Every structure is written in C-alpha cells, then in structure tokens.
C-alpha cells in the first residue's frame, strides 16, 4: 500500500497538473484545457506546429493513462482509479520495472514545455515560468529549483528531470530531491 506521504504526493499531482478543470476526475476535457493553458503561457499560434504536436502527444498520453487506470471504461479516471493504478505502479518500480510508457511520455512532454530555449537544460527562469502558471508560489519554485540542481552543481537536463520525476512518484524518502520536482514540499 502507498504510505500517507506517497499517497499525498500522488494526489497533489492529480489535483494540480492533471485535473485542469478541478471537478475531481481526469478526462480528455482536462487535456484540452492543459493545451490552451500551455498555448497561452508560451504564446503558441493555434494550429501551428507546437500546438498540433502538443495535441498529438497528449492524445497518446491520455490513451495510455486510460488504458492503465480506466477500469470501468467510461473515459474518465477518478481519484480511486488513479490511486489503485499508482499502488500497482510503485510496487513494480521497486521490483525493478520502468514506469508506464504514458508516464515517461508525459515526463518528456513536460520537459520540453519547460525547456523553451531548446538547449536540453531547464534554467531557473524557465522552471518558475512553467510552475507558477500551475499556481506554485514563486518562492516554492525557486527553492525547489535550487534543491533539484543541488544549488547549481547539477544541470537540470532531460535525463536529470526524468530521474527526479520517477523519484517524485515512487520515493518514500522525505529527503529525496525529486520530492520537490513540482514545487517545494514542507516536510
């Protein structure tokens, strides 16, 4: 079973990042909102390259998510279904397996949404630009970024971002850096 700490990390991500219209379930309509929000944030032209690519990528991610979590096949993922899926995913990451492919795709999507300069590094300004748009206070973006980059000793490359992303979802260690990947947690 997920510890309180894991369960709460996994709920907080459902609630802030996936359920964009905040009604308590994840559907395709949420991903339609997530596309609008990222288009607004970055000033992408509707039906331009980035927009059409974001839509295609998120379709694949939603499809893999529903496949894993949508037990009653109603095209909606409730918190119950999301927690049931996560308890099984975490067990498996511990037994040695990679996270599900919809989750890695979503990690790579969010990496590139952050890295608007395209140099393979998320810098402090890129990071706070994205997380502040989800309601993360700026001081929790800046404190998170220093934690994640080990105060500048580590560049937040796609690979670092991917390893921190797995740690956020599975770690039971309160000390883990990836706990703060989505804004500092007070622990």
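Residue numbers count along the first chain shown, from 1.
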Which wins on mean Cα temperature factor, 171-179 or 9-17?
171-179
Averaging the C-alpha temperature factors as deposited, the higher value of 53-61 versus 134-142 falls on 53-61
Just to confirm, going by the entry's C-alpha B-factors, which of 31, 161, 68, 127 comes out highest?
68
Residue 149, C-alpha B-factor rank within chain (lowest, middle or highest third):
middle
Going by the recorded CA B-factors, say which third of the chain residue 47 sits in, lowest, middle or highest.
highest
Chain thirds of CA B-factor: placement of residue 73
highest
Quick check on the deposited entry: does the C-alpha B-factor of residue 115 sit in the lowest, middle or highest third of its chain?
lowest
If you rank the chain by CA B-factor, which third does residue 83 end up in: lowest, middle or highest?
middle
